[PDB]
Amino acid sequence: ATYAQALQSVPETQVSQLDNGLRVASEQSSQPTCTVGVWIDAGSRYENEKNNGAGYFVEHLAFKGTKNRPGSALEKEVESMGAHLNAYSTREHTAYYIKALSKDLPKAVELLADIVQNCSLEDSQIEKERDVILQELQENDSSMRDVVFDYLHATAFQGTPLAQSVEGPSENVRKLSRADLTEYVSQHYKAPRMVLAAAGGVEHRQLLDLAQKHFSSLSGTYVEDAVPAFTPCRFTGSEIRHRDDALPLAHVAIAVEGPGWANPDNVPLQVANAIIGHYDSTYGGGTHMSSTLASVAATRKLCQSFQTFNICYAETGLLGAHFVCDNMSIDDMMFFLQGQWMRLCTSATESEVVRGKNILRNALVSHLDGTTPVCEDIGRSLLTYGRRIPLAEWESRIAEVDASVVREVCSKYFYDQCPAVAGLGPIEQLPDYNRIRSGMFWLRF
Amino acid sequence: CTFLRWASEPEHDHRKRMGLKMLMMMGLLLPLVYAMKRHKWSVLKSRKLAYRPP
């Protein structure tokens, strides 16, 4: 049973669609557990400056109380059958998923229907929840990677809804009344923009009939006329530096415009990203890792941890790197990291491209291990691509990637493109934006 | 007198010719080099600061 044989044997992703529009998608297997969740297309992108932070508030109040389950009773039902209920809200998607046994499927779907629909939104709990978010804002302020990435988004997509943080400024969260949230729920928690996903010991017919008998009350209209449209977001190459010398370590994230969820150029670029690799001070590979940047960093003890990212939204993305290093390394990595990118833009050997392809295949096949990652994959893919990409298709697209393709796509996205630097901490040594932009092009090429 | 002026300054005509070319080259270059200077410095000219003490 070779790799290829296993790929065309992975269960399918049967997809259905009720009349209201809610797309039901399941993925049967043999495990006695399951993971059923609803992936809505809410997020900070669909939020104006007046109500930014509504999605976070709604996610907070989702599990608090319902009309049918008054409150803690919902938590009691979730805990009595051993299910773990979770929710994650991002800049584009917001989802609720219950991790429960296969036998508890009829009850779990009912619980998700109650949350996404008959949410109480009691004013007393709103007031209680108002402080919690404020505390969580300070906690996130302590999370230096998160604040650096929020700086990245703010300075890259400036003047666009994407620049808005998911949690929202700590002024909107102090005025968000019940009225603002109710419009968010009635305007974004709609059936067409919803995917009921499940994976594990789930039967697609069972999921379809449970959806028909529970989520039928979901509405597809948009009240009077208001249909929140998709606003394309401009990427304005800029920089932001919040220099705080008290911070022990300096975080710098630099990213250029990457593609959207469409534009198969993601597959080559990811391979290119895999060639750059990722490093942490506790790796153990040392001065032997195949990635040139990782080997240099380990040899000279340059950084504490650098990671390459390919954050991808519907029409644009932030493709680049983020590294954590001391005060007297920030410039040096700016030399090497950029020096790495241009190498892939001018001379990418087939050997390292094969290595990147293998790394990408491993990442994809490993990330889809376990019911919860599979459910997340289904819910995210149905919203981004409109269909779950089978692993065989991923394998084919990876196979079509070679050295010339990587060079072309990198030169198309990396070469001579203004970056979106964002730095925090003792970032004095961080090269000036003109120096970074100059480093974005090579005088040999 | 004109002949003696030529005797003292045989390069007069070519001096003025090179001066003409010099004028045209500087009129073409100085605006362009100034534009490059503005291009490079515009990062700093539009730089906006902010103070956020605790």
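Things worth noting here:
- Residue of A:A392, A:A250, A:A422 that the Gaussian network model of chain A assigns the largest fluctuation, springs spanning Cα pairs under 10 Å: A:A392
- Along principal axes, Cα extents of chain B, largest first, whole Å: 83, 17, 10
- Averaged over residues, the count of other Cβ atoms within 10 Å places the peptides A:219-229, A:434-444 in the sequence A:434-444, A:219-229, highest first.
- Taking 0.36 nm per residue of separation and subtracting the current Cα-Cα distance, fully stretching the chain between A:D225 and A:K412 would add 63.2 nm.
- Reference-scaled alpha-carbon Rg (2.2 N^0.38 Å with N residues) for the stretch A:253-297: 1.42
- Largest mean-square fluctuation among A:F230, A:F309, A:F335, in a Gaussian network model of chain A whose springs join Cα atoms under 10 Å apart, belongs to A:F230.
- Sequence-distant residues sharing a close amide H with A:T66 (under 5 Å, placed H): A:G71, A:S120
- The angle separating the long axis of helix A:105-115 from the principal Cα axis of greatest extent in chain A is about 80 degrees.
- Largest-first ellipsoid semi-axes for the stretch A:333-402, taking √(5λ) over the Cα gyration tensor eigenvalues, angstrom: 29, 15, 12
- GNM result for chain A, Cα springs below 10 Å: residue of A:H251, A:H204, A:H367 fluctuating most strongly: A:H367
- Computed [θ] at 222 nm, helices only, for chain B once each DSSP H run of length n ≥ 4 contributes -39500 (n - 2.57): -26000 deg cm²/dmol
- Treating r as the C-beta distance of A:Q158 and B:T2 and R0 as 60 Å, the FRET efficiency rounds to 0.30.
- Value of [θ]222 nm, deg cm²/dmol, for chain A, DSSP H segments ≥ 4, -39500 (n - 2.57) each, nearest 500: -13000 deg cm²/dmol
- Crossing angle, helix B:12-45 versus chain B [Cα axis fit, 0-90 degrees, rounded to tens]: 0
- Over the protein assembly as shown, equivalent-ellipsoid semi-axes from the Cα gyration tensor in Å: 52, 29, 22
- Between helix A:204-214 and chain A: long-axis angle, C-alpha atoms, 0 to 90°, nearest 10: 60
- Three semi-axes describe the equivalent ellipsoid of the stretch A:99-199; taken as square roots of 5 times the Cα gyration tensor eigenvalues and ordered largest first, they are 29, 19, 16 Å.
- Calculated from backbone phi, Karplus (6.51, -1.76, 1.60) coupling profile of the stretch A:40-56 in Hz, x at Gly/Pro: 8, 8, 7, x, 4, 5, 8, 8, 7, 5, 6, 10, 4, x, 5, x, 4
- Put simply, when A:108-116, A:152-160 are sorted by average Cβ atoms within 10 angstrom per residue, most first, you get A:108-116, A:152-160.
Every number in this text was worked out from the coordinates using simple rules, so none of it is lab data. All Cβ positions, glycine included, derive from the backbone under ideal geometry; neighbour counts span all protein chains shown.
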